[PDB]
*Asks:* 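Sharing a structure here in structure tokens format.
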Amino acid sequence: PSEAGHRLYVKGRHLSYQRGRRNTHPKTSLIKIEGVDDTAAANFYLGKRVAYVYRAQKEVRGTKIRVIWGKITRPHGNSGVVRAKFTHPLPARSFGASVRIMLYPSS
Amino acid sequence: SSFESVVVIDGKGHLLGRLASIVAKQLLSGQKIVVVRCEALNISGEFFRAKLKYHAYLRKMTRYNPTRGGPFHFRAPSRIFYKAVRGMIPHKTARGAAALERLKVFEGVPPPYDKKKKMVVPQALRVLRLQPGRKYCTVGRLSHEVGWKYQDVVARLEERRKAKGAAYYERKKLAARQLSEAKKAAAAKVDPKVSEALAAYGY
Amino acid sequence: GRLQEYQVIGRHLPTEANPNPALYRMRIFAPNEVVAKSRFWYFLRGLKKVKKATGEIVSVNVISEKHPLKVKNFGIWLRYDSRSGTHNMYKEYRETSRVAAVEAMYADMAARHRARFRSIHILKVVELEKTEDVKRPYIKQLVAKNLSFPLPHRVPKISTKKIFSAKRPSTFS
Amino acid sequence: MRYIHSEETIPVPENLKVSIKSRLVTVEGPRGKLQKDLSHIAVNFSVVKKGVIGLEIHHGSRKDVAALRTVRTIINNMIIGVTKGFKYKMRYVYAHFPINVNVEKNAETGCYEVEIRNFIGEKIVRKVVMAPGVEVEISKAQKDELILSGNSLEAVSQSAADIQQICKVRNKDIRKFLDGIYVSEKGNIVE
Amino acid sequence: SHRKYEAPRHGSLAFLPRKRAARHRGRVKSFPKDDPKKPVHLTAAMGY
Amino acid sequence: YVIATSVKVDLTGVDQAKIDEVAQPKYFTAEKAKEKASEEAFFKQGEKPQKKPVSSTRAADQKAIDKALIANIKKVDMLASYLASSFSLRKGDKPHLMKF
Amino acid sequence: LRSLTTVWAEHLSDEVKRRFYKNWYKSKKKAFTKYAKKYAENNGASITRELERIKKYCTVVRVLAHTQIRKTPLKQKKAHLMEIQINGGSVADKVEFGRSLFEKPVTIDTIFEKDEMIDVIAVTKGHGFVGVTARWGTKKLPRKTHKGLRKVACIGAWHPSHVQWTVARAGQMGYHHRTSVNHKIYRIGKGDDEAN
Amino acid sequence: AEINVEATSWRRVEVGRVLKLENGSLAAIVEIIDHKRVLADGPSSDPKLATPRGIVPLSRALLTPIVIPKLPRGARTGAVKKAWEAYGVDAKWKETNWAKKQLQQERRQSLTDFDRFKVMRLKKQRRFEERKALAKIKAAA
RNA sequence: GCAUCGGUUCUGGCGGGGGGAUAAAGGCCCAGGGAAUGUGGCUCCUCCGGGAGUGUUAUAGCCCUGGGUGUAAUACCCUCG
RNA sequence: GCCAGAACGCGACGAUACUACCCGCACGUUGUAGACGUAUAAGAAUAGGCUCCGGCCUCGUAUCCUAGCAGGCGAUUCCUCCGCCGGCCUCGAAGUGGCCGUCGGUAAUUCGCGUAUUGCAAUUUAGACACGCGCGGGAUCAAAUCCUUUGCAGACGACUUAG
Ligand SMILES: [Mg+2]
Ligand SMILES: [Mg+2]
Ligand SMILES: [Mg+2]
Ligand SMILES: [Mg+2]
Ligand SMILES: [Mg+2]
Ligand SMILES: [Mg+2]
Ligand SMILES: [Mg+2]
Ligand SMILES: [Mg+2]
Ligand SMILES: [Mg+2]
Ligand SMILES: [Mg+2]
Ligand SMILES: [Mg+2]
Ligand SMILES: [Mg+2]
């Protein structure tokens, strides 16, 4: 009886902030999308929405789960890593945490 | 690229520094890694070169109190690899400590990671990285010569696990033969329409 | 760099005492025509009493390889400056064009004698028409009869983003 | 310079078989069987004729090509040891003290053992154990001679070298004190 | 500057943690190497 | 918020007039305030919640449009099951590579 | 090495039971009461299971043995318990030997013999806090030394800027664990021998 | 003299050897330049298999088991094409296992969403019979 | 959130035009001349793959030169959208 | 060999009153360096291997699984897979898997009713690790320290003993 999954997003990992060797800039983040390994592949995901989903302590308005929303802005480097801009910068304790790259602005 | 729950790396045939670099990058990216058979890792160059490097390492020690602060020289092959990885990890931060906690290293193949799929890293494999004819040594041999005390125990346990794996492999071959026979027999009972459709689709 | 042979023809500025001055032609291997003209003026300063300020460039043309799809043996006579003197040496290359031979020459000189572009003078580049005038063993073994060889211990091509592999690769293809 | 091809050939006489698998050479003939692991050298073996083994190195440098003739000679030595064997003859030399030599085969192991006494007149008895497969005997043909015979030239010569090195004079003019056991003849058991 | 007259150091660093023993009863840190050909036998005892 | 696949369903039997009158601007939101008010009156005053009643006009238009559409869909062997089954991403599914 | 399991005898004496207690006088002395039932339940099935496990897996076999301190003139009643390795034979032989020795006395002439060279392990005589002169055997400073002559004059140079671990310092002396070796047994005398 | 040698047997870089390039096209070798480069051309009528005459670096090429026999060294495009058609290189390549694998990869990449759903359904239908046969074989032991 | 715009900007394709040896090449069609890492033949040897010699297209081909299709394509640089 | 023993390294064993231990559910006020199909054991060589012995090996670009109200109800038809508990038999590198049964659910085929209104998107609150609890039972009825004492010890703590 429906042994299938329900995933409609591509998974990614929050690698770091945009930075030099010593100076970091939290306003944009670096995202590694699964299976995206070049700029040509990364171009498909430009403009796609991204959610960082985490859990908090208090239940505020029917849930303990909070979301930070952003979108993919441009590719980064040559290996498919992308730059993402969120409404607020990501917590920076989430370096290595998972994010969901939606398909909401499709085609 | 693919995100796994945990990646088990069979350390045999890998170059220590390159595997350490790859593993450190994965750990900082958030991947969990278990490296087995750290005594079968390889270092390029002569074993005399490796031994001289470790002797130079051993010479370092805090002068005023060798029980604190000084470089603590770990003899086991998994600990040699762990030192190599910690060199590439920013271990003095909380983020680096978490990255290192995402890692496990062992000599031989302990039972949990026995009966599990062990990956390889082609960017660090000796056969793919070293010119044939160049000298190389074994981290297990270096550890044994610098004071690691369990080379023979690991060898005996690996022999036992390889005998068990040989029995498994025999039953696996039997299962493969039976599955091939089953597919051949069922090829005459499925719809030819289904068969042609799958063949056209590429299956 | 990626070079191209240029025919550069230059001239001393015509004067009342010397109308219609002699035209001097050189073959210059340069990445572009600016460098070609610069090298022409450098060599013309070396050889004759003409400068860029007292002369002009009559013509600059590209000399394309006439048979770039034919394998040839090339002999290059060159003069170069080491750290402790100047030397002349003759080397051989196996290429399909004079430009490719010169590029291989530059790379080989840089690799074997640490000779930079600034310290090499290409005296002559000649296509060796025959086979018995090939003098170097490393070209002779390439022009050996019925030549064939395998490619042992060849590393397969694996994407650098495929970090982990489920089976051990083979080096037999 | 890297040479495109370096080739060498070994003829195999009719009475012996040779098997090469994973660069592990096995040679079997009338006098026995020998094995040699050559996996440390990148060489390509093949059968070029009915009874000729070809061994080649492709795109090798001088250092790599230098090992081709070494491998040929080693495999040829294995073949001649398997067919005809190897025999080394040593001579005892001394000025005043007769060197006493006693050779016996161990009971618990197949190895031979040689004890040397009265070397330069000192009381220590020096004992050297031969490599397996090497037989030692006192020469019945002439006095003060040792005969070492075997299938492997490497083992025979190494046992002889052990015997030779175990008898040395120290803190003396070696130009004057010549006592020792020295290898005198190298040859084959047959012919 | 160098020590004027040479002399060996006082005491041994091989017993260096000159602390109270952790336990009153002596500890056998190593037992004689086993040999299966020999008859079964105890390797130690206690007394006062 | 949709992904357009390459499968096209035939539409010869569908009522274009019905489609346009459904496409009229006020079709979906004209009654919405009243339905929300009725739902609130049911929930707050009542003790147990019940399904919002579907408008008769909307049900009639649904049936009228869907009849010929289903008839057309049945002519493709597995299209009905394909439309009945949901879509999800499996392991190794790469949306930048999948043709859809 | 690691201990896979240990098997105990059915009955333990109060001498050895005292070793498991700090306040034996006011305790309920229940040390091995539940364990003793295993010899009666299922005809010692668990005991046999553990012995078979030791036979199957373990490569080192030791016996747990205790002293009969009540036979000494000592005022102590709490016995001393330790592991003694069985050497020789197979693991099955070791297990059989140890099991046959259960709650049984072994005499020291069955372990050692005359003219044997043995080792003695013990904690040395304890001195309290002791200065460097006796603790390390350093030279006494001259008589006219101010602020004490029973010291080390220089406890370190300048540049390392720390007192080093190799410098003699006052502290605990004696009461150290020592394994003295190569002691000859001159006689093993018997208690019942009136002329030992 | 019995000789058992079990060393590897590579395919040789030689005149007439057909190489498969990274883009999927085929080129016969007409002349060896050096240890690492050759001169090659694919005069195939099928545009998916044809390559222009030029230098091929051996690192970007794979050696197919097809060798055009008695191909002259340095032969021009016309002679190479004549030998290519005479030997029937396209048919032999199509029969090779590499071409079949490439065709299967192309077919699997060309699937749509409906195609993938139908593939799942048909694979389940075939798997039913496969499982029945496997259970029967297991029961027979 | 979407649609339609404006400013800045990053990035991917598509259609054209010009120049150079009016690219050089190359594919076919001729006209001439050559050689070898010499094809077919011929001689000898090897019968065990094959090797050696002779000689210029034959039962493969290649190189050089002058032409035609031809203001061919291409790719390079520039440029209009 | 010998000395120390990580005071945030590990093992075996003994007794464990109680709020401590064991069994089932009943929630979760509480936490997580971060589930979303968290699916895949040969060993070995890489100048060689695998095999069902016919043949295969650049390529995990693979294999498995994957449809149904977040997955309903009832048929047709299926004997194929998933689990739940119980015999057992083997699993010591840091305790593992199995074939033998019960009990459930189960599109390989075809259908018949239900889905709407969450209003054009808004994490898909869905998992396993826990941890602290209350139900209502079983099991069990303990130690340690202070204190007095000893001197194999000791500046005081500590330690060896005895009560
Ligand atoms: Mg030291
Ligand atoms: Mg510390
Ligand atoms: Mg003298
Ligand atoms: Mg003294
Ligand atoms: Mg004074
Ligand atoms: Mg705009
Ligand atoms: Mg001829
Ligand atoms: Mg025209
Ligand atoms: Mg044109
Ligand atoms: Mg501790
Ligand atoms: Mg059932
Ligand atoms: Mg005292």
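Below, chain A is the first sequence line, B the second, and so on; all start at residue 1.
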*Asks:* On RNA chain I, nearest-nucleotide positions of A/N43 versus H/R53: which is more 5'?
*Replies:* A/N43

*Asks:* J/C103 and J/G83, Watson-Crick or G-U wobble pair at under 3.5 Å for both distances?
*Replies:* yes

*Asks:* I need the NZ-P distance between C/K70 and I/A36, as an integer number of Å.
*Replies:* 16 Å

*Asks:* Does a Watson-Crick or G-U wobble pair link J/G14 to J/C64, with each of the two distances under 3.5 Å?
*Replies:* no

*Asks:* Looking at J/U109 and its strand neighbour J/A108, are the six-membered base rings less than 5.5 Å apart at the centres with planes tilted under 30 degrees?
*Replies:* yes

*Asks:* Going 5' to 3' along RNA chain J, between which two nucleotides do contacts with chain G fall, using a heavy-atom cut-off of 4.0 Å?
*Replies:* J/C2 to J/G163

*Asks:* Kindly state whether the bases of J/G68 and J/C69 qualify as stacked, with ring centres closer than 5.5 Å and planes tilted less than 30 degrees?
*Replies:* no

*Asks:* Can a cation-pi geometry be assigned to A/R66 and A/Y54, taking NZ or CZ under 6.0 Å from the six-membered ring centre and within 45° of the ring axis?
*Replies:* no

*Asks:* When you measure from the centre of the six-membered ring of D/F45, is the NZ or CZ of D/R23 closer than 6.0 Å and no more than 45° off the axis?
*Replies:* no

*Asks:* Tell me: NZ of C/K72 to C1' of I/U37, nearest whole Å?
*Replies:* 18 Å

*Asks:* Would you mind telling me which residue lines up with the more 5' stretch of RNA chain I, C/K130 or H/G78, judged by nearest nucleotide?
*Replies:* H/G78

*Asks:* Check whether NZ of the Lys or CZ of the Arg C/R154 lies under 6.0 Å from the centre of the six-membered ring of C/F172 and within 45 degrees of that ring's axis.
*Replies:* no

*Asks:* Which pair of non-hydrogen atoms, one from A/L8 and one from F/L89, has the smallest distance, and what is that distance?
*Replies:* C-CD1, 3.8 Å

*Asks:* Using a cut-off of 3.5 Å for both contacts, decide if J/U109 and J/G163 are a Watson-Crick or G-U pair.
*Replies:* no

*Asks:* Identify whether J/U148 and J/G43 are a Watson-Crick or G-U wobble pair (both distances under 3.5 Å).
*Replies:* no

*Asks:* Between I/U11 and A/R74, is there an OP1 or OP2 to side-chain N/O distance shorter than 4.0 Å?
*Replies:* no

*Asks:* At under 4.0 Å between heavy atoms, what does H/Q105 touch on the DNA or RNA strands: base, sugar-phosphate, or nothing?
*Replies:* base

*Asks:* State the pairing partner of I/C62; accept Watson-Crick or G-U wobble contacts with both distances under 3.5 Å, and report none otherwise.
*Replies:* I/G34

*Asks:* Between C1' on I/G40 and NZ on H/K70, what's the gap in Å once rounded to a whole number?
*Replies:* 10 Å

*Asks:* Tabulate protein N/O versus nucleotide N/O from nucleotides 53-58 of chain I, keeping only pairs under 3.5 Å, one per line.
*Replies:*
none

*Asks:* Could you check if J/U40 and J/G104 make a Watson-Crick or G-U wobble pair, where both distances must be under 3.5 Å?
*Replies:* no

